[PDB]
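In what follows, residues are counted from 1 in the order of the sequence shown. Values below: all heavy atoms of this structure, side chains included; hydrogens, waters and symmetry mates excluded. Counting starts at 1 for both ligands and their atoms, in listed order.
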Amino acid sequence: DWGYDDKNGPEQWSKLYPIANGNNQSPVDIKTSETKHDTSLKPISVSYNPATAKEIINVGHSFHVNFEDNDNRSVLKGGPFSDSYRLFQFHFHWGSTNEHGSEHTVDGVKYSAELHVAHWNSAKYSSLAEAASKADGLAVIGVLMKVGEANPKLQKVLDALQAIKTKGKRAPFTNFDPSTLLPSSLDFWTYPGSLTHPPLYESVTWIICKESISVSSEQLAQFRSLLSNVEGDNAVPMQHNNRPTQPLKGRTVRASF
Ligand SMILES: NS(=O)(=O)c1ccc(C(=O)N2CCN[C@H](Cc3ccccc3)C2)cc1
Ligand SMILES: [Zn+2]
């Protein structure tokens with residue numbers, strides 16, 4: 001299959017997934033001198049119901065927190081969108097050291113981690129599986145995480161990790177509103193892009209917050225403590241899971257501010 005190590009990592013993904021060399025690949029470096037302000041961009045509005053939080057899962061290369069997505073209890077609206085988008089999961093990316101780990105970069109600056117909050121177009125489509133490969137099917141909020149003070153909002157997520165230490169492990173994760181993880185200012189950049197790992201579908205409208213959130217060095221250690229192996233095998237920590245930034249290929253990054 002695919003991964004983040006030497007033989008199966010980002011540099012080699014194009015062999016199984018040709019779209020990796022596509023025209024709408026993510027993530028990107030946001031150059032602030034080259035962004036175009038857009039007055040038509042409405043403010044981002046998120047309205048999430050904590051009752052939709054369902055489950056936390058170790059997926060080998062990462063972990064996901066999944067949400068019930070059968071109705072519109074948890075929605076994203078506004079920004080560049082006419083359609084309402086339904087929350088389905090959030091997850092993080094991180095790096096081997098504090099010096100890197102984010103996927104998106106801003107004026108060449110790499111952050112320590114990045115939060116992704118993913119949604120699918122339920123106005124246009126009937127399911128995530130239908131939406132996933134569509135140009136307007138997915139919307140992901142990206143939040144850059146800067147190493148510094150411990151983030152108490154992250155704690156419930158971090159506390160849950162001891163129950164899903166190895167690949168394939170899953171556990172209930174309930175009564176959680178992930179808008180509590182977002183920065184106070186929702187000023188954003190947006191561009192048309194892709195999933196940042198296989199299958200790399202060019203189906204994502206990216207919403208990148210200009211304001212970062214904090215994470216401590218020890219909080220990052222907890223991410224890196226997660227194991228990629230199945231229970232009983234020799235422990236293989238998830239050291240990193242961030243893709244290198246990709247060519248803009250003439251796309252414009254728009255700013256709401
Ligand atoms: N980093 S990112 O771009 O924000 C990103 C967005 C969505 C997903 C995701 O939900 N999955 C991808 C892996 N297989 C699963 C099923 C799946 C496959 C394809 C599309 C959606 C979901 C779940 C992963 C990464
Ligand atoms: Zn992601």
Side-chain angles (χ1 to χ4, degrees), residues 1-4 8-10 13 17 19-20 22 24-28 30 46 52-69 74 76 79 85-95 100-105 110-122 124-145 154 157 164 167-168 170 173 178 181-182 188-209 213 215 220 223 226 228 238 240-246 251:
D1 42 15
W2 66 271
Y4 292 96
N8 60 11
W13 291 344
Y17 306 91
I19 198 72
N24 293 62
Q25 289 295 291
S26 295
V28 303
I30 298 184
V46 293
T52 60
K54 190 204 295 176
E55 195 175 34
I56 190 171
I57 309 180
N58 182 324
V59 304
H61 57 91
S62 191
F63 73 92
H64 294 165
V65 176
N66 294 334
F67 291 79
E68 299 183 0
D69 69 342
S74 295
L76 162 66
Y85 283 69
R86 192 177 296 173
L87 173 68
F88 69 101
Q89 58 100 331
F90 78 82
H91 61 275
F92 305 84
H93 299 258
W94 58 89
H100 77 276
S102 70
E103 292 209 299
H104 291 83
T105 57
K110 312 167 220 297
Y111 290 86
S112 289
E114 190 169 325
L115 163 68
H116 290 160
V117 188
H119 312 73
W120 63 271
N121 192 345
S122 61
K124 262 219 184 180
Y125 307 108
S126 315
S127 75
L128 168 63
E130 186 191 1
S133 65
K134 303 286 180 191
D136 57 352
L138 307 177
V140 184
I141 302 175
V143 184
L144 293 156
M145 297 169 70
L154 281 186
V157 182
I164 60 156
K167 186 183 177 170
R170 63 198 70 212
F173 188 89
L181 295 174
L182 298 180
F188 68 91
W189 297 286
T190 183
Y191 74 98
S194 76
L195 301 176
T196 62
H197 63 62
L200 297 163
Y201 296 147
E202 298 184 344
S203 51
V204 183
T205 305
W206 281 95
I207 302 297
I208 310 300
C209 293
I213 61 173
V215 61
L220 295 166
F223 288 155
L226 276 169
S228 62
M238 281 175 210
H240 62 94
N241 59 14
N242 62 321
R243 191 195 193 187
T245 51
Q246 301 302 130
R251 287 174 281 174

J.: How about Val215 and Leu154: do any of their side-chain heavy atoms sit closer than 4.5 Å?
T.: yes
J.: Could you identify the single nearest non-hydrogen protein atom to atom 22 (C) of ligand 1 and state the distance to 0.1 Å?
T.: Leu128 CD2, 4.3 Å
J.: Report the residue from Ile56, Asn66, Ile57, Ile164 that forms a side-chain contact (heavy atoms from CB on, under 4.5 Å) with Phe173.
T.: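 Between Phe173 and the candidates, side-chain contact (heavy atoms from CB on, under 4.5 Å) is satisfied uniquely by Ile56.
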J.: With a 4.0 Å cut-off on heavy atoms, is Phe92 in contact with ligand 1?
T.: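 No; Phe92 lies far enough from ligand 1 that no heavy-atom distance drops under 4.0 Å.
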J.: Do protein heavy atoms approach atom 15 (C) of ligand 1 to less than 4.0 Å?
T.: no
J.: Among protein heavy atoms, which lies nearest atom 18 (C) of ligand 1, and at what distance?
T.: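 The closest heavy atom on the protein side is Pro199 CD, 4.3 Å.
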J.: For the pair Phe63 and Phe223, name the ring-plane relationship: parallel under 30°, tilted 30 to 60°, perpendicular over 60°.
T.: tilted
J.: Heavy-atom count around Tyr201 OH within 6.0 Å, excluding the residue itself: above 12?
T.: no
J.: Does the N or O separation between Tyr201 and ligand 1 drop below 3.5 Å for any pair?
T.: no
J.: For residues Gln25 and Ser194, determine if any side-chain heavy atom of one lies less than 4.5 Å from a side-chain heavy atom of the other.
T.: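 Yes, at least one pair of side-chain atoms sits under 4.5 Å.
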J.: Give the residue, atom name and distance (to 0.1 Å) of the protein heavy atom nearest atom 13 (C) of ligand 1.
T.: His197 CE1, 3.7 Å
J.: What protein heavy atom sits nearest atom 6 (C) of ligand 1, and how far away is it?
T.: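 The closest one turns out to be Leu195 CD2, 3.5 Å.
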J.: Polar contacts were defined as any N/O atom of the residue lying under 3.5 Å from an N/O atom of the ligand; does this apply to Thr196 and ligand 1?
T.: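 Yes; the residue has a nitrogen or oxygen that sits under 3.5 Å from a nitrogen or oxygen of the ligand.
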J.: Under 4.0 Å from a heavy atom of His93: which atoms of ligand 1 are those, numbered in the order shown and with their elements?
T.: 1 (N)
J.: Atom 8 (C) of ligand 1: which protein heavy atom is closest, and how many Å away?
T.: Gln89 NE2, 3.3 Å
J.: Nearest heavy atom to atom 5 (C) of ligand 1 wins, so pick from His61, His91, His116.
T.: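 Considering heavy atoms of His61, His91, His116, the nearest to atom 5 (C) of ligand 1 sits in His91.
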J.: Taking the Zn ion (ligand 2) as the reference point, name the nearest N/O/S atom of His116.
T.: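 So the atom name we want here is ND1.
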J.: Work out whether the distance between some heavy atom of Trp120 and some atom of ligand 1 is less than 4.0 Å.
T.: no
J.: If you have a sec, read the angle at the Zn ion (ligand 2) from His91 atom NE2 over to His93 atom NE2, to 10 degrees.
T.: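 Value returned, to the nearest 10°, is 110°.
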J.: When you measure from the side chain of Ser203 to the backbone of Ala132, do you find a donor-acceptor pair of N or O atoms at a distance under 3.5 Å?
T.: yes
J.: Could you list which atoms of ligand 1 come closer than 4.0 Å to a heavy atom of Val140?
T.: 4 (O)
J.: Kindly state whether the ring of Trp13 and the ring of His197 have centres lying under 6.0 angstrom apart.
T.: no
J.: So which heavy atom in the protein is nearest atom 20 (C) of ligand 1, and how far is it from that ligand atom?
T.: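 Minimum-distance protein heavy atom for atom 20 (C) of ligand 1 reads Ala132 CB, 3.6 Å.
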J.: Just which atoms of ligand 1 are under 4.0 Å from any heavy atom in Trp206?
T.: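 Checking each atom against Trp206, I get 3 (O), 4 (O).
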J.: Report the C-alpha distance between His240 and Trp94 in whole Å, list the side-chain angles of each, state the deciding distance to 0.1 Å, and finish with yes or no for ring pair (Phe, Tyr, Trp, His ring centres under 6.0 Å).
T.: CA-CA 5 Å; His240 62 94; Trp94 58 89; 9.7 Å; no
J.: OG/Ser102 to CG/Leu115 distance, rounded to the nearest 0.5 angstrom?
T.: 12.5 Å
J.: Which residue and non-hydrogen atom of the protein lie closest to atom 11 (N) of ligand 1, and at what distance in Å?
T.: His64 CE1, 4.1 Å
J.: My understanding is that only one of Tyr191, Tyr111, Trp189 makes a ring pair (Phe, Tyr, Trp, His ring centres under 6.0 Å) with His104; could you say which?
T.: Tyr191
J.: By the definition side-chain hydrogen bond (donor to acceptor under 3.5 Å, both in side chains), identify the one residue from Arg243, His116, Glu103 that meets it with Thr196.
T.: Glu103
